[PDB]
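*Asks:* Residue numbers (the UniProt record's numbering): 118 to 225.
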């Protein structure tokens, strides 16, 4: 499970404090409006800006809490989501339909 190389448009899972791995894809500040750009962390370590599902959000997490999220894993969750969070389930449901970053909708 060594570090993984995440590319822009790749669907990955980002775990947060008190938050189960969330379906988020690695994006770039180019697709992050001012809301996602304002949360850009300036601490040591390169952080990956990802889009969180659903509602296409934006989070800056390091590759450490980032894991590769395959479509199969996403669908498996749809069959059984855990924990039971309406937002996460909508995350996998909307992220499962979103193939890559070029498919997401940007406020442009």
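Note that CB positions come from ideal geometry on N, CA and C, so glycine has one too.
Among 216, 219, 172, 221, whose alpha-carbon lies nearest the alpha-carbon of residue 204?
*Replies:* 172
*Asks:* Within this structure, are the beta carbons of residue 124 and residue 221 separated by less than 8 angstroms?
*Replies:* Result no, Cβ atoms of residue 124 and residue 221 do not sit closer than 8 angstroms.
*Asks:* Using a Cβ-Cβ cutoff of less than 6 angstroms, which residues in the same chain neighbour residue 164 once the five nearest sequence positions on both sides are dropped?
*Replies:* So the list reads 158, 177, 179, once near-sequence residues are dropped.
*Asks:* Report the option in 122, 129, 118 whose CA atom is closest to the CA atom of residue 216.
*Replies:* 129
*Asks:* Can you give me the Cβ contacts of residue 185 inside the same chain, cut-off strictly under 7 angstroms, excluding the 5 residues immediately before and after it?
*Replies:* Non-local C-beta neighbours of residue 185 in its own chain, meaning closer than 7 angstroms and more than five positions away in sequence, comprise 121, 129, ordered along the chain.
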